[PDB]
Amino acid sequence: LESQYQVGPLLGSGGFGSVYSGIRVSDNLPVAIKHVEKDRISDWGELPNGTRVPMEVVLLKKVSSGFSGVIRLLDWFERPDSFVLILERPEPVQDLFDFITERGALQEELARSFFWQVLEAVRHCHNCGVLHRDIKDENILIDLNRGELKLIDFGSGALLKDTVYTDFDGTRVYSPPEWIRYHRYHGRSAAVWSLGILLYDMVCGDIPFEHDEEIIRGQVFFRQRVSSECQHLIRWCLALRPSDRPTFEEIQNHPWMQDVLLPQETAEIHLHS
């Protein structure tokens, strides 16, 4: 590992572990190098050859093919007390949290492009049998040259199933009222809730709910000027009853979602500066 990759600066660390910038030696390919302590892994999976491995590795492999809406796993290594994941790294890049912090509330044309791409990426995960469980601005990277968005951090994820989940380790302020109240949720409708939070954050520059009681009440106040169509879509995603939330098809067919820009157009108009 140490002879295959040159490690650069720490990009970030937290509950997910530590993530470093790196370069693949043979290639000069930019990579990210993620370390997770074994004692901090609660979800374990099995490789097709029967090897004990973090579920995150299983989810990443299921998701890591041609589609570039998800940051792909390139390699992985086991150490005595940790696992090391080698992930693709776009350059230049900025996560959506930082982007919104710097720019404030996004213009709706830009939010539409970004949200659409996140939907396509989440649909890809679900099609591969993977539930992300921590969709949020911090877990989305923007390839600033290509205008392409990429999902990161499958450390909180799960195999997608059609029955109830009773565990959750994603971000609480993005979690749905059914989780808060009953400690149970279904995968897709919980994902749509978090998408509603994400969309609100894009067009308002902050999340709509801070405390559990706000989530449970589910009343959405807009603190910035937001179009009626966008407001409608957000309020639909944030329906209290999960079965009242839109399907992915319904979100993408929503009037607010029509005429999305291509990623390169998005970059040329909004990112190149």
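One-based numbering along the sequence shown. Each form is matched to the other, and the largest set of C-alpha atoms that superpose within 1.5 Å is called the rigid core.
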query	finding
RMS CA shift, core-fitted in 4 other deposited structures of this protein, bigger for 246 to 254 or for 6 to 14	6 to 14
Between 204 to 212 and 47 to 55, the one whose CA atoms sit farther away in 4 other deposited structures of this protein (rigid core aligned)	47 to 55
Mean temperature factor over C-alpha atoms, higher-scoring stretch between 34 to 42 and 230 to 238	34 to 42
20 to 28 versus 251 to 259 - greater average Cα B-factor per the deposited record	20 to 28
Options 94, 194, 113, 82 - largest CA temperature factor per the record	82
Options 167, 153, 108, 162 - largest CA temperature factor per the record	167
Residue 128 CA temperature factor, ranked by third within the chain	middle
Third of the chain, ranked by Cα B-factor, where residue 55 sits	highest
Chain third (lowest, middle, highest) by recorded CA B-factor, residue given as residue 98	middle
Modelled-residue ranking by C-alpha temperature factor, third containing residue 90	middle
Chain-wide C-alpha B factor ranking for residue 186, given as lowest, middle or highest third	middle
